[PDB]
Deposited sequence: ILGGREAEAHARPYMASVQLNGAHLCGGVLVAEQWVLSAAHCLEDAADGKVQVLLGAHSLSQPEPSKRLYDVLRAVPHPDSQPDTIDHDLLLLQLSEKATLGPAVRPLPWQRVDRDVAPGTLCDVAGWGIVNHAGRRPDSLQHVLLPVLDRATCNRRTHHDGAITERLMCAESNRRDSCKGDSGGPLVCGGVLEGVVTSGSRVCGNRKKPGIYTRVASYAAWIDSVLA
């Protein structure tokens, strides 16, 4: 996260780090035993975390039973850029580890709405990797502006942006997951090149079918 700020410890209890003991991607706890992430983020899952490195009462590492990338995703695209990870056991839920409701209604976020993106991605254009979770509020772009599919959304990127290592993490509007950070390489922080997020509402059938 560029142009952001440190998150409050455990205030975003759905937030996962997909990890060789190293953070690779964000993810969102969406059920007791399932984390939603991005397709190219492919393995363990750290729940309950603020610091990656420091001991915390709520921190717990989970092995993954299986990884279910969207069947239509491809290594060279950011279409269908979703991944569902099943933990090897149901997560211990509490204040600090809690699923986030995700958008099932297929309607766009009002353009202009500030939504919240969190991650342990890089915090500058040198390689700088933060120990503690970062976040930033970002206005959602209208689809025409974003275009210049039905299944992607855009947010402004005027220095404040998602970037490398934020892939698979959340874009939250009004307490509901609306987007998942994309897992393709892109220039960050350039206003002319918006951040790109998978519109979770477009994938409602798919997510349900996996979790069914």
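Within the chain's deposited sequence, the coordinate-free stretches run 20, 44-50, 157-164 in sequence order.
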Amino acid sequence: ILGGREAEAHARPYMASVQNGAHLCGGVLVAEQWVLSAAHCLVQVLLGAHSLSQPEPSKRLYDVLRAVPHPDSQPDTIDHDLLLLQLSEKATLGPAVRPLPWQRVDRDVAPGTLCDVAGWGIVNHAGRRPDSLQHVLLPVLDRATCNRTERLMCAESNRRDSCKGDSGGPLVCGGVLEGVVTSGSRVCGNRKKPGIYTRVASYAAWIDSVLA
From here on, numbers count along this sequence of modelled residues.
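Between two forms, the rigid core is defined as the largest C-alpha subset superposing within 1.5 Å.
Farther from the shown form on average, by C-alpha root mean square after a core fit in 7 other deposited structures of this protein, is 179-187, of the stretches 50-58 and 179-187. Two stretches, 169-177 and 139-147, are weighed by how far their CA atoms sit from the shown form in 7 other deposited structures of this protein after rigid core superposition; the farther one is 139-147. Between 102-110 and 76-84, the higher mean Cα B-factor belongs to 102-110.
Note on 65, 36, 172, 181: the highest value goes to 65, judged by CA B factor as recorded. Ranked by C-alpha B-factor against the other modelled residues of its chain, residue 118 falls in the lowest third. The deposited CA B-factor of residue 92 belongs to the highest third of values across its chain. Ranked against the other modelled residues of its chain, the C-alpha B-factor of residue 7 as given in the entry falls in the lowest third. The entry lists a Cα temperature factor for residue 17 that places it in the lowest third of the chain's modelled residues. The deposited CA B-factor of residue 162 belongs to the lowest third of values across its chain.
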